[PDB]
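Novice: Attaching a single structure in structure tokens format; questions to follow.
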Amino acid sequence: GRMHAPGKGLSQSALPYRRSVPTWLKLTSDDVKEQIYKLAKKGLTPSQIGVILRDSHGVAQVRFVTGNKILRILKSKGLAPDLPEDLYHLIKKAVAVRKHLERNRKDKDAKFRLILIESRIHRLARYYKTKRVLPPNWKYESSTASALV
Amino acid sequence: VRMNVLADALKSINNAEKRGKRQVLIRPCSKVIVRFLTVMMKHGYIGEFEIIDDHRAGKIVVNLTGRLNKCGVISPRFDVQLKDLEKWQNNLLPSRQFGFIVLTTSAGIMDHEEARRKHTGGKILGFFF
Amino acid sequence: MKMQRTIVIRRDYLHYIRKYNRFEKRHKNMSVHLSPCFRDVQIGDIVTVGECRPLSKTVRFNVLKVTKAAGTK
Amino acid sequence: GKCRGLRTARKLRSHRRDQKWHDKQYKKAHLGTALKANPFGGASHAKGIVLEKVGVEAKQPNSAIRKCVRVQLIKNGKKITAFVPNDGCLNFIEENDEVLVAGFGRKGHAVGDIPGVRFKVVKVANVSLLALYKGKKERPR
Amino acid sequence: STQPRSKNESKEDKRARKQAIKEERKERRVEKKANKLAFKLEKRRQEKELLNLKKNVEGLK
RNA sequence: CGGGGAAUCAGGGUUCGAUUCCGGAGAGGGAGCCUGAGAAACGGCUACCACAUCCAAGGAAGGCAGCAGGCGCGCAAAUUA
RNA sequence: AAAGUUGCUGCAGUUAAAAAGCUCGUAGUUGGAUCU
RNA sequence: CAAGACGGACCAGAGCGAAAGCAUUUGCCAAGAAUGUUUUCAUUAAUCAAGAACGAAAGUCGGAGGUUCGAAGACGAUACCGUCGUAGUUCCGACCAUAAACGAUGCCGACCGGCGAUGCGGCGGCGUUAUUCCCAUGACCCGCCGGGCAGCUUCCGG
RNA sequence: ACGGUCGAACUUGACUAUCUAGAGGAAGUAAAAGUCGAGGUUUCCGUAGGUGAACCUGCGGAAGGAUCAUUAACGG
């Protein structure tokens, strides 16, 4: 049951039962850590880092290998963004929809989807302000949105 | 969304027993569900059950016996004294000879007779006959 | 904390309605005297107050102890 | 469905209040606009001064002419129509007699044959109709 | 004004005809509303006074 | 007027409590006092408002939501022992 | 009281009275598994 | 030749959208469901008072255009019908917020019979086709999984 | 006796609300037989117009309205 859509699908990932690191992978935890560091210094989100490590380096689950997940690894070395990934992508999508709405006035579909996107933004921002990730004065505005991107 | 996993477990057990099945699979598992099933089990209602351990919330496979008429949950968990227990008994049980109101009390999850034995009231969870 | 040497706290309780065997949230606002010895006290923390003689028209309790919020360092 | 949570007492009580206000017996008893319209004013009996005698035609399946009294109540000046049973009893009522009147029986609803009347005459000249019909008493004039 | 519009119609003459049509509709709607209100008044008066007629002054003697 | 409580009552409830017990209020309506330990007292006083009594026409006197009793009001309630 | 015709226990809402034209949305209500 | 209109047949037990609704080609813009996932976060969720956005048709204000149709209306016959025809039907910008706005049938979650059709995505496989195509790919064939639209059958129960 | 304070009340305006006497206005019934000269049957919903209603018509919507026959391929 999607939160803003009437559809409901089962597409997700099924992690295996074995949490052990397989014996064919010769990489150590530290080597994966500098791989994460160099993949983060070029400007990648933790999800992109995990996808790249899974597809080419054989790192099936980095938190099973290193013991920490990617965001905590990046926050330990200070290579973490001041705003999290999903809120950033929702804000970027809202900026794109607002730009399209400014150039195209009679798109009421775009207005509806913009209201849905910014409702997502406010829910996620409220959650992050609860957990002390964002400052308690953080506020998403229409006109000062692209300055955050 | 899925609220009250014990309600789902009891509803699935009741629906499978109505259909005359010999085994039922209930997911997810929890401590309260296993305690409730043990309370039924020591009274001879659901035989014996397996707990399947994934790294998620578990699953349970229960071997039905045909002895169950109805197992039921009470939501919300009302607060039951030791003087309101008779009123609950007449409301929920079919007779004074069989059936089980289940409480959770500070001495554990147990039934109404042993709650009256231990001189403790608690919260209502279910009934089975 | 908008008054001179006086704060307003809120007590939340759960009143029992007995026909339905249910509860309802209720609150009571309470004006209490905050002594200046309690520095760095802020909105959202738990004050323990004791009853005294009437200090004003609406103030009858007096702040005795302050415990910080659930996350405030 | 209906809310079942442990903290839902306010909604249950408010909803039962506002849905009690839809039962027309409850609203008739509690709105107070049905006692300000009641000629008896919430009383069981009322005395009145006879204005005239009227003949009320019965309804369509029963063809007859029932006979009633148009009477003005003393205590509030409201005029009503009361039912005196028969010509046996109607001749005991003259104009400008003080009659004690009751309801007819259906708590403010009309007679099963004659419409617009909710009241029946119980006493005339401070003596009952039953003791005059049965000859036990006579009425002073 | 039941004048068919012409294919060689010019400005300031089409606009006058259209303005006349809209104004005609405006006072026609206004007097329709007035007639409806007067009929509502008459209906309520008839209902109340027929209820009075069934209340008292009905009988033989 | 509030409460103890009353009617009904499978369980849950619904309705009532002017009324002999406890607490509050008032002594025709307001207001101000004196005395006293205690009253803003009314079977105490002083005004105004509304009533009402006696009179030689100048003046004087009053307060039954105490017990009886009366009038009025009413569907509705006792003996001046 | 009958009245499970006020329904917490305990009612109903296709065709009999009855579900908002649709979605978002604070308050309120409810909230997965896990620690001897 | 021009003017505005409207996109037949294909067009369906079909698809998309929150609903109202959506059908000529190509290009641009930004959304989107499902699928696949050994990605990331780690409870961030469900429902709606207040509040907000859209909302067929008709209708109202202003600009443009008026092809066809056409309320009212003028004629002719007998409320029906014919000829002519105004507003409107059309586009742009603001109001209106109503429909038999229908599944006359809240939303989220769990369980509870069968069958094979179909739309999309993924997977596995003999094989045929691009004149025995010289490996892959599109078009078919068989089977499976997931979310769908929608049927038939059943003494599940109601 | 001045002043202060509590303060019943009185007068004048406005807002109201009630009780009362009301010219006049617009009315129903009983009595006046005095006067003049229809129709719809498929059913609806939302709007707008027609003489107010009804009914008819314009545009959009619904069935809550009675599915026979041909049709897998068969041309490559």
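In the structure tokens, the first chain shown is A, the next is B, and so on; residue numbers restart at 1 for each chain, and ligands run from 1 in the order shown.
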Provide as a PyMOL selection string the residues of chain D at most 8 Å from chain F, counting only C-alpha atoms (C1' of nucleotides).

Specialist: chain D and resi 43-47+75

Novice: Let me see the file: selected residues, N, CA and C atoms, as a PDB file, in the first residue's frame.

Specialist:
```
ATOM      1  N   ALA D  43     -49.181  19.115  31.998  1.00  0.00           N
ATOM      2  CA  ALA D  43     -50.084  18.615  33.022  1.00  0.00           C
ATOM      3  C   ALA D  43     -50.943  17.485  32.468  1.00  0.00           C
ATOM      4  N   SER D  44     -51.425  16.639  33.375  1.00  0.00           N
ATOM      5  CA  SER D  44     -52.315  15.550  33.003  1.00  0.00           C
ATOM      6  C   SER D  44     -53.745  16.021  32.751  1.00  0.00           C
ATOM      7  N   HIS D  45     -54.242  16.962  33.551  1.00  0.00           N
ATOM      8  CA  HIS D  45     -55.601  17.469  33.432  1.00  0.00           C
ATOM      9  C   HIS D  45     -55.577  18.989  33.384  1.00  0.00           C
ATOM     10  N   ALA D  46     -56.650  19.566  32.849  1.00  0.00           N
ATOM     11  CA  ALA D  46     -56.793  21.014  32.784  1.00  0.00           C
ATOM     12  C   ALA D  46     -58.267  21.385  32.826  1.00  0.00           C
ATOM     13  N   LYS D  47     -58.585  22.478  33.506  1.00  0.00           N
ATOM     14  CA  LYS D  47     -59.952  22.971  33.566  1.00  0.00           C
ATOM     15  C   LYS D  47     -60.160  24.075  32.540  1.00  0.00           C
ATOM     16  N   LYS D  75     -56.172  28.395  32.498  1.00  0.00           N
ATOM     17  CA  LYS D  75     -54.856  28.733  33.024  1.00  0.00           C
ATOM     18  C   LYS D  75     -53.977  29.457  32.015  1.00  0.00           C
TER      19      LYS D  75
END
```

Novice: From the DSSP assignment of the backbone, select every residue of stretch 36-94 of chain B that is helix (DSSP H, G or I), and format the answer as a ChimeraX atom specification.

Specialist: /B:36-42,85-92

Novice: Give me, as a ChimeraX atom specification, the contact residues of chain A against chain B at a cut-off of 10 Å, counting only C-alpha atoms.

Specialist: /A:1,15-19

Novice: Write out as JSON lines a residue-level contact list of chain B versus chain D with cut-off 12 Å: for each qualifying residue the closest pair of atoms and the distance in Å to one decimal, counting only C-alpha atoms, rows sorted by chain and residue number upward.

Specialist:
```
{"residue": "B:74", "atom": "CA", "partner": "D:4", "partner_atom": "CA", "distance": 10.5}
{"residue": "B:75", "atom": "CA", "partner": "D:4", "partner_atom": "CA", "distance": 7.5}
{"residue": "B:76", "atom": "CA", "partner": "D:5", "partner_atom": "CA", "distance": 5.9}
{"residue": "B:77", "atom": "CA", "partner": "D:6", "partner_atom": "CA", "distance": 7.7}
{"residue": "B:78", "atom": "CA", "partner": "D:6", "partner_atom": "CA", "distance": 7.5}
{"residue": "B:79", "atom": "CA", "partner": "D:6", "partner_atom": "CA", "distance": 10.0}
```

Novice: What does the file look like for those residues with N, CA and C atoms, as an mmCIF file, in the first residue's frame?

Specialist:
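The new file again-v9.cif reads:
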```cif
data_model
loop_
_atom_site.group_PDB
_atom_site.id
_atom_site.type_symbol
_atom_site.label_atom_id
_atom_site.label_comp_id
_atom_site.auth_asym_id
_atom_site.auth_seq_id
_atom_site.Cartn_x
_atom_site.Cartn_y
_atom_site.Cartn_z
ATOM 1 N N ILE B 74 -9.560 -9.903 22.443
ATOM 2 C CA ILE B 74 -10.317 -8.739 22.884
ATOM 3 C C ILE B 74 -9.437 -7.518 22.680
ATOM 4 N N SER B 75 -9.902 -6.592 21.851
ATOM 5 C CA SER B 75 -9.191 -5.359 21.596
ATOM 6 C C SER B 75 -10.159 -4.212 21.858
ATOM 7 N N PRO B 76 -9.781 -3.214 22.670
ATOM 8 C CA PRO B 76 -8.477 -3.003 23.294
ATOM 9 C C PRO B 76 -8.277 -3.836 24.544
ATOM 10 N N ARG B 77 -7.043 -3.880 25.028
ATOM 11 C CA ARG B 77 -6.748 -4.615 26.244
ATOM 12 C C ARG B 77 -7.307 -3.873 27.447
ATOM 13 N N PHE B 78 -8.527 -4.217 27.842
ATOM 14 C CA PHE B 78 -9.142 -3.620 29.013
ATOM 15 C C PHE B 78 -8.454 -4.099 30.281
ATOM 16 N N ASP B 79 -8.686 -3.371 31.364
ATOM 17 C CA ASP B 79 -8.082 -3.670 32.655
ATOM 18 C C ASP B 79 -9.095 -4.468 33.461
#
```

Novice: Leaving out residue G:31 and any residue of its chain fewer than 6 positions from it, which residues lie within 9 Å of it when counting only C-alpha atoms (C1' of nucleotides), given as a PyMOL selection string?

Specialist: (chain B and resi 1-4) or (chain H and resi 45-46)

Novice: Report as a PyMOL selection string the set of chain E residues whose atoms approach chain I to within 12 Å, with distances computed over only C-alpha atoms (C1' of nucleotides).

Specialist: chain E and resi 25+28-29+31-40+42-43+45-61

Novice: Could you turn the residues from that selection into a file that holds N, CA and C atoms, as a compact mmCIF listing (two decimals), in the first residue's frame?

Specialist:
```txt
# COMPACT_ATOMS: atom_id res chain seq x y z
N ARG E 25 -31.50 39.35 -20.14
CA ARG E 25 -31.41 38.20 -19.24
C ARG E 25 -31.32 38.63 -17.78
N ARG E 28 -34.72 39.85 -16.55
CA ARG E 28 -35.61 38.70 -16.61
C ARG E 28 -35.38 37.76 -15.43
N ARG E 29 -34.11 37.50 -15.10
CA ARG E 29 -33.77 36.70 -13.92
C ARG E 29 -34.22 37.39 -12.64
N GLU E 31 -36.77 39.52 -12.15
CA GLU E 31 -38.20 39.44 -11.93
C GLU E 31 -38.68 38.00 -11.78
N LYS E 32 -37.95 37.02 -12.32
CA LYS E 32 -38.24 35.62 -12.00
C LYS E 32 -38.02 35.34 -10.52
N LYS E 33 -36.93 35.87 -9.95
CA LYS E 33 -36.67 35.71 -8.52
C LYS E 33 -37.76 36.38 -7.69
N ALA E 34 -38.20 37.57 -8.11
CA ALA E 34 -39.27 38.27 -7.40
C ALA E 34 -40.58 37.47 -7.43
N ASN E 35 -40.92 36.90 -8.59
CA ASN E 35 -42.13 36.09 -8.70
C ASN E 35 -42.04 34.84 -7.83
N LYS E 36 -40.87 34.20 -7.80
CA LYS E 36 -40.69 33.02 -6.96
C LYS E 36 -40.85 33.35 -5.48
N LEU E 37 -40.29 34.49 -5.05
CA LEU E 37 -40.43 34.89 -3.65
C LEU E 37 -41.88 35.21 -3.29
N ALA E 38 -42.60 35.88 -4.19
CA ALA E 38 -44.01 36.18 -3.93
C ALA E 38 -44.85 34.91 -3.85
N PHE E 39 -44.58 33.94 -4.74
CA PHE E 39 -45.29 32.67 -4.68
C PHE E 39 -44.97 31.90 -3.41
N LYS E 40 -43.72 31.97 -2.93
CA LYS E 40 -43.37 31.33 -1.67
C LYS E 40 -44.13 31.96 -0.50
N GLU E 42 -47.07 33.48 -0.68
CA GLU E 42 -48.47 33.07 -0.80
C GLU E 42 -48.67 31.62 -0.36
N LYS E 43 -47.73 30.74 -0.72
CA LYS E 43 -47.83 29.34 -0.33
C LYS E 43 -47.75 29.17 1.18
N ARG E 45 -48.51 31.45 3.47
CA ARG E 45 -49.72 32.01 4.06
C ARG E 45 -50.91 31.06 3.91
N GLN E 46 -51.05 30.44 2.73
CA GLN E 46 -52.13 29.49 2.52
C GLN E 46 -51.98 28.27 3.42
N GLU E 47 -50.75 27.77 3.58
CA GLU E 47 -50.53 26.61 4.45
C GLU E 47 -50.88 26.93 5.89
N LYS E 48 -50.40 28.07 6.40
CA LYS E 48 -50.67 28.45 7.79
C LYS E 48 -52.16 28.67 8.03
N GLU E 49 -52.85 29.32 7.10
CA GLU E 49 -54.23 29.65 7.36
C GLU E 49 -55.18 28.48 7.09
N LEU E 50 -54.79 27.53 6.22
CA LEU E 50 -55.53 26.27 6.14
C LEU E 50 -55.33 25.43 7.39
N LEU E 51 -54.13 25.47 7.98
CA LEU E 51 -53.92 24.82 9.27
C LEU E 51 -54.77 25.46 10.36
N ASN E 52 -54.94 26.79 10.31
CA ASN E 52 -55.87 27.45 11.21
C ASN E 52 -57.30 26.98 10.97
N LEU E 53 -57.68 26.81 9.71
CA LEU E 53 -59.04 26.36 9.39
C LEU E 53 -59.29 24.94 9.89
N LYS E 54 -58.26 24.09 9.88
CA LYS E 54 -58.45 22.76 10.46
C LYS E 54 -58.28 22.77 11.98
N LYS E 55 -57.74 23.84 12.55
CA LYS E 55 -57.60 23.91 14.00
C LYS E 55 -58.94 24.17 14.68
N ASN E 56 -59.54 25.33 14.41
CA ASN E 56 -60.84 25.71 14.94
C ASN E 56 -61.78 25.99 13.78
N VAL E 57 -62.98 26.48 14.11
CA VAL E 57 -64.11 26.77 13.21
C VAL E 57 -64.36 25.62 12.23
N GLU E 58 -64.78 24.48 12.77
CA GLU E 58 -65.10 23.31 11.95
C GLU E 58 -66.06 22.44 12.74
N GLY E 59 -67.28 22.30 12.24
CA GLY E 59 -68.31 21.57 12.94
C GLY E 59 -69.68 22.09 12.53
N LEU E 60 -70.71 21.52 13.15
CA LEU E 60 -72.09 21.89 12.81
C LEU E 60 -72.70 22.86 13.82
N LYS E 61 -72.73 22.49 15.10
CA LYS E 61 -73.36 23.35 16.09
C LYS E 61 -72.43 24.50 16.48
```
